[PDB]
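These protein sequence lines are chains B and A, in that order. Counted the way the deposited numbering counts, the first sequence spans residues 304 to 344, 354 to 722. Counted the way the deposited numbering counts, the second sequence spans residues 302 to 343, 350 to 722. Here a beta-carbon is modelled for each residue, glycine too, at the ideal position from N, C-alpha and C. Since the structure comes first, as structure tokens, the remarks are kept for the end.
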Amino acid sequence: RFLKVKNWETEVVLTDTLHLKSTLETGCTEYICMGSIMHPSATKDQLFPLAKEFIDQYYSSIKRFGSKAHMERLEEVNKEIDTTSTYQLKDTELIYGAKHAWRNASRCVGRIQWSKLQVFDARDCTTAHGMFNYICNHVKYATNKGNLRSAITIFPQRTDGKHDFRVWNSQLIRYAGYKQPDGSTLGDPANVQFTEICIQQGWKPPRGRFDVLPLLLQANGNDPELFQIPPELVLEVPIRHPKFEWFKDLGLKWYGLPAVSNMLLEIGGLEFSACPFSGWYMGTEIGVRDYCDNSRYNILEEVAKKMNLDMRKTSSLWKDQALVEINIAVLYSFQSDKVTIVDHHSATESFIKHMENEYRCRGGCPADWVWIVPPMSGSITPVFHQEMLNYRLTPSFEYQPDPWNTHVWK
Amino acid sequence: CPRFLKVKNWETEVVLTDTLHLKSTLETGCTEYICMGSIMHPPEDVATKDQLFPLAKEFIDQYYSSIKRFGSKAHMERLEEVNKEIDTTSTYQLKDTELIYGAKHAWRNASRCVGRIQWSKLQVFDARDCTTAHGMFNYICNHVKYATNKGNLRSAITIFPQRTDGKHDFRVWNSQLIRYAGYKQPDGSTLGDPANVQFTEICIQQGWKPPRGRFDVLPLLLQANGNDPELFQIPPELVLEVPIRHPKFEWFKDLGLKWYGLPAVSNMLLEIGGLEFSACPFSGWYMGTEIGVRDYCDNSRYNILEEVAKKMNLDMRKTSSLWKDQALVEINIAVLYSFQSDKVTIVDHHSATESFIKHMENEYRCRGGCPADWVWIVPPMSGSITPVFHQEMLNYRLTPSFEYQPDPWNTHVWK
Ligand code: HEM
Ligand code: HEM
Ligand SMILES: CN[C@H](C)Cc1cc(C#N)cc(OCc2ccc3c(C)cc(N)nc3c2)c1
Ligand SMILES: CN[C@H](C)Cc1cc(C#N)cc(OCc2ccc3c(C)cc(N)nc3c2)c1
Ligand SMILES: C[C@H](O)[C@H](O)[C@H]1CNc2nc(N)[nH]c(=O)c2N1
Ligand SMILES: C[C@H](O)[C@H](O)[C@H]1CNc2nc(N)[nH]c(=O)c2N1
Ligand SMILES: [Zn+2]
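Have a look at this one:
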């Protein structure tokens with residue numbers, strides 16, 4: 304069936320046909336919706361239909377479906393699976409695949425940018441040192457002195473599962489977190505465990521509030537190895553406020569480059585367990601979640617104090633006031649330093665225009681309202697009033713288990 | 302379907318186990334391949356005899372199970388009597404105890420409601436003896452006066468006769484018992500509340516003389532026993548209102564805003580044991596953001612963000628200054644302050660969401676689950692700094708339930 308989605312602000316109605324193409328499951332059933340669950344629950357014979365599906369849509373995309381090149385590619389891929397239990401993507405295919413995993417990422421509000429993705433092919437990498445070099449080149453290219461550029465670096469595909477490439481970091485650039493004797497936490501609490509693993513593996517921690525973590529890199533299933541990203545490659549922004557001169561005294565800072573490194577990229581049945589991808593920040597990622605989550609830096613108290621707000625009763629909305637001032641500061645700081653950042657109004661507005669684009673040229677756009685709507689000021693952004701259909705298309709980015717739960721060492 | 306489903310809270314690491322989803326009765330709209338969780342809503352005939360039997364049994368079973376009399380003589384006798392009623396009259400009547408139980412549970416089962424910790428405290432008014440629109444007016448006035456209670460609001464529901472053949476429906480045409488009029492102008496602008504322009508137009512056609520102001524309380528438009536609906540003015544002394552002012556900003560009162568104290572939704576259908584109560588106005592008290600974010604700051608509503616921001620002398624040239632967010636907070640501060648000052652019950656979104664988490668935990672423990680719609684439960688501002696943002700939720704449909712129904716002017720056969 305054709306499915307309609309309505310914007311209750313603009314009364315615009317879109318018709319979704321694209322969902323008919325999806326084959327992966329969402330987790331919901333006719334009787335139970337699991338839309339707010341974070342993660343709802354190969355062989356030769358499995359592999360070829362997935363390969364064929366992907367090759368077909370690639371040649372469909374370049375308007376050469378059923379061509380000589382198409383026919384021959386199908387042939388080629390089948391001999392390669394038969395004789396080696398897997399196959400290799402052409403470079404064009406790799407690029408097509410990576411862009412479309414981004415395009416299909418229902419939880420990403422930044423997808424208007426999807427076809428502007430710099431794809432670095434690192435499938436010839438064999439060691440952790442090689443991984444480090446590739447990652448440094450990625451970071452340097454994507455940072456571009458503040459004029460951030462979207463990029464993905466793709467390491468060799470999974471083979472037998474015992475020879476995985478993995479970036480153990482969840483992002484290429486993150487701050488360490490230290491569990492105090494106090495019982496409290498210095499730095500970023502989200503990373504306390506990873507930090508402990510780095511220390512255990514020989515990393516000498518500065519024990520500051522914003523210590524950049526080392527890279528911890530696993531090549532071909534071997535034990536991971538530690539590397540320091542050269543400091544000059546790590547662009548950082550000191551957070552100050554355009555009116556509160558005391559804000560700089562808080563000593564806050566953050567890094568310019570968000571580069572997620574712990575997801576899995578799947579294309580045509582092949583699995584890329586190491587594929588760090590990066591873009592630029594939406595301000596709330598830092599200002600709302602990274603700084604104000606109770607389980608994160610948790611600075612609301614300190615700010616509201618410096619703002620001399622009455623914090624006895626919750627109905628004074630002192631938290632809400634402090635939250636807005638923090639996000640103002642973050643946006644102002646990045647902008648003053650000419651580091652690319654987008655506010656949640658501009659981003660969601662861009663996403664609405666993107667949905668309209670996709671419905672017109674593609675027959676729909678999979679989108680996850682729970683993640684698309686920003687973590688503050690929800691209903692005064694246009695996505696709040698936008699009905700969305702969430703479904704799973706491939707190529708995709710998938711979650712995978714943390715390496716320290718699978719890997720067995722020396 | 303799996304017997305045990307787990308939900309996690311990503312802030313506290315607490316994991317809860319849901320078994321209640323097994324009692325799910327209706328569909329959600331979702332499938333294995335698509336999720337419709339952000340769709341707002343995923350013939351004039353009635354339940355046949357054969358349709359009605361198992362629906363009634365299911366409900367009667369559940370009622371006798373709740374009073375710890377399952378399998379009792381009284382339980383079996385009640386089943387027999389209901390069955391005979393359905394067989395001889397193709398419908399049946401609920402006992403007062405059952406009616407009260409059913410209403411309370413429709414609320415308990417309402418996945419989109421953040422206020423459900425209060426579900427067992429609901430004054431139920433039985434109006435199944437009502438025959439006319441004047442009588443409906445009488446019941447509604449008594450409902451309003453009771454629930455308002457001079458600002459100390461008390462949750463209540465008034466239940467009018469159930470549907471029979473569908474040509475004798477009782478309906479409140481209003482969407483809430485108390486709402487302000489909206490007037491479209493010839494120049495295309497709107498006076499009052501833009502959400503209510505269509506209903507306002509219907510009232511004016513029905514004979515209502517409109518004051519044409521910014522905050523004109525609408526008349527009740529009341530349909531009894533399938534007859535043409537009739538207009539009634541709610542006695543102004545029964546309509547509690549709060550003028551909105553701000554603790555710091557003296558100029559805020561000059562904006563001339565006010566709102567009414569009693570939120571009383573009147574266009575939903577109450578479904579119990581297969582019976583349909585098409586007129587069942589229910590009321591509680593407000594969460595601040597219902598007024599301060601949606602009513603006032605929605606673009607298609609009163610839309611005051613600009614005027615507030617201008618009086619705050621905010622830089623409104625670039626969105627990245629977050630002038631909208633700044634203004635939104637002050638407005639919501641004003642709403643909570645004005646209600647508290649006038650001693651009219653209201654709850655802020657931090658307190659409400661914290662109570663909902665405690666409520667949800669309790670329901671998982673005592674009931675085996677709590678259906679919840681994250682998309683509606685999370686408040687329209689400051690989402691992630693409330694504890695429901697990080698709380699995984701399962702959504703499913705239990706009966707008794709509150710349901711959407713078509714607007715009555717779309718289906719009514721005018722006499
Ligand atoms: C270019 C600017 C971009 C912006 C502003 C942006 C914005 C966002 C935001 C705000 C989120 C939610 C993050 C969270 O709350 O944890 C997100 C999720 C996501 N983004 Fe984007 N993004 C951008 C680029 C990209 C790129 C280049 C990729 C991949 C090639 C990508 C893939 C994803 C994926 C896969 C998710 C969801 C991951 C999950 O399911 O947990 N994004 N994005
Ligand atoms: C006692 C204080 C109450 C509070 C603070 C409260 C709060 C809320 C809020 C904020 C919403 C979302 C409304 C929206 O955004 O449109 C809601 C929805 C809802 N409430 Fe409650 N409520 C209360 C009482 C009640 C009562 C007494 C009932 C019925 C007996 C009820 C039944 C419902 C239903 C069915 C919805 C969903 C309506 C829909 O699906 O459109 N609530 N509530
Ligand atoms: C506490 N929040 C947790 C870490 C949720 C999360 C998990 C994973 C994984 N695996 C990956 C995640 O990535 C979100 C994401 C991914 C890519 C992004 C890019 C490329 C840019 C950007 N501005 N934000 C992103 C945000 C998030
Ligand atoms: C413009 N948005 C529309 C009006 C959404 C909506 C539709 C319907 C219906 N039918 C019913 C709705 O009810 C929400 C509701 C219901 C009862 C409430 C009670 C009893 C108290 C309270 N504070 N809010 C409520 C909020 C909402
Ligand atoms: C499109 C979206 O489903 C729609 O705007 C919903 C979102 N969440 C909501 N949540 C509440 N509480 N009230 C609403 O009216 C809505 N609207
Ligand atoms: C339980 C809930 O699904 C979880 O907190 C989600 C909600 N929405 C989110 N939305 C975004 N953008 N990022 C998140 O991490 C989350 N967390
Ligand atoms: Zn769903």
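Residues that residue i contacts on chain A, provided the C-beta gap is smaller than 7 Å
| i | result |
| --- | --- |
| residue 515 of chain B | Residues of chain A passing the Cβ test: none, with the nearest at roughly 26 Å. |
| residue 458 of chain B | Per Cβ cutoff of 7 Å: no residues; residue 458 of chain B is ~16 Å from chain A at best. |
| residue 339 of chain B | 681, 699, 700 |
Residue-level contact to chain B via CB, residue i, 7 Å cutoff
| i | result |
| --- | --- |
| residue 657 of chain A | yes |
| residue 329 of chain A | yes |
| residue 349 of chain A | Between 343 and 350, chain A has no modelled residues, and residue 349 of chain A is one of the positions in that gap. |
| residue 626 of chain A | yes |
| residue 418 of chain A | no |
| residue 325 of chain A | yes |
7 Å Cβ cutoff, residue i in contact with chain A
| i | result |
| --- | --- |
| residue 681 of chain B | yes |
| residue 703 of chain B | yes |
| residue 497 of chain B | no |
| residue 607 of chain B | yes |
| residue 604 of chain B | yes |
| residue 443 of chain B | no |
| residue 636 of chain B | yes |
| residue 648 of chain B | no |
| residue 662 of chain B | no |
| residue 427 of chain B | no |
Proximal chain A residues relative to residue i, where beta-carbon distance stays under 9 Å
| i | result |
| --- | --- |
| residue 437 of chain B | Chain A residues near residue 437 of chain B: none, gap ~34 Å exceeds 9 Å. |
| residue 312 of chain B | 605, 606, 607 |
| residue 643 of chain B | 627, 628, 629 |
| residue 696 of chain B | 687 |
8 Å Cβ cut-off: residues of chain B touching residue i
| i | result |
| --- | --- |
| residue 639 of chain A | 629, 632 |
Interface partners of residue i on chain B, CB under 9 Å
| i | result |
| --- | --- |
| residue 601 of chain A | 691 |
| residue 305 of chain A | By Cβ distance, chain B contributes nothing, its closest Cβ being about 12 Å from residue 305 of chain A, past 9 Å. |
| residue 302 of chain A | 332, 334, 335 |
Proximal residues of chain A, C-beta to C-beta of residue i below 8 Å
| i | result |
| --- | --- |
| residue 322 of chain B | 334, 335 |
| residue 369 of chain B | Near residue 369 of chain B there are no residues of chain A at all, since even the closest Cβ is about 17 Å away, more than 8 Å. |
| residue 619 of chain B | The premise fails here: residue 619 of chain B is roughly 12 Å from chain A at the closest Cβ pair, so nothing lies under 8 Å. |
| residue 715 of chain B | Result: empty, since nearest Cβ-Cβ is about 21 Å, beyond 8 Å. |
| residue 361 of chain B | Residues of chain A passing the Cβ test: none, with the nearest at roughly 17 Å. |
Interface residues of chain B facing residue i [CB-CB closer than 7 Å]
| i | result |
| --- | --- |
| residue 575 of chain A | Those within 7 Å of residue 575 of chain A in chain B number zero; the least Cβ separation is about 18 Å. |
| residue 482 of chain A | Ordered by position in chain B, no residue passes the 7 Å Cβ test against residue 482 of chain A, which lies about 15 Å from the chain. |
Touching or not, the stretch 488-503 of chain B and the stretch 569-589 of chain B, by the rule of three or more beta carbon pairs under 8 Å?
no
What runs of the beta strand (DSSP E), each 3 residues or longer, lie entirely inside the stretch 419-484 of chain A?
430-433, 463-466
Taking 7 Å as the limit, tell me which residues put their C-beta closer than that to any heavy atom of ligand 5, in chain order.
B:311, B:681, B:696, B:697, B:698, B:699, A:339, A:340, A:341, A:419, A:601, A:682, A:683, A:687
Where in the stretch 531-590 of chain B do unbroken runs of the alpha helix (DSSP H), each at least 4 residues long, occur, reported from the N-terminal end onward?
none
Counting only runs that start and end within the stretch 355-420 of chain B, where is the beta strand (DSSP E) found for 3 or more residues in a row?
none
Answer yes if the stretch 404-422 of chain B comes into contact with the stretch 699-713 of chain B, meaning at least three C-beta pairs across the two stretches below 8 Å, and no otherwise.
yes
Going residue by residue through the stretch 629-714 of chain A, where are the continuous beta strand (DSSP E) segments of at least 3 residues, counting only ones entirely within it?
708-710
Does the pairing of the stretch 478-491 of chain B with the stretch 508-528 of chain B give three or more beta-carbon distances under 8 Å?
yes
Does the stretch 382-393 of chain A come within contact of the stretch 426-437 of chain A, defined as at least 3 CB pairs closer than 8 Å?
no
Looking at C-beta atoms only, is the number of pairs between the stretch 568-585 of chain B and the stretch 395-415 of chain B that lie closer than 8 Å three or more?
yes
Three or more beta-carbon pairs under 8 Å between the stretch 706-718 of chain A and the stretch 437-457 of chain A, yes or no?
no
Check whether the stretch 532-551 of chain A and the stretch 432-450 of chain A are in contact - that is, three or more C-beta pairs closer than 8 Å.
yes
Would you call the stretch 667-683 of chain A and the stretch 591-603 of chain A in contact, with 3 or more CB pairs under 8 Å?
no
Hey, is the stretch 610-626 of chain B in contact with the stretch 650-659 of chain B, meaning 3+ C-beta pairs nearer than 8 Å?
no
Can you confirm whether the stretch 324-331 of chain A touches the stretch 321-334 of chain B when touching is taken to mean that 3 or more C-beta pairs between the two stretches lie within less than 8 Å?
yes
Using 8 Å as the threshold, is the stretch 635-642 of chain A in touch with the stretch 604-616 of chain B, meaning 3 or more CB pairs across them?
no
Using 8 Å as the Cβ pair cut-off and three pairs as the minimum, do the stretch 503-511 of chain B and the stretch 547-554 of chain B touch?
no
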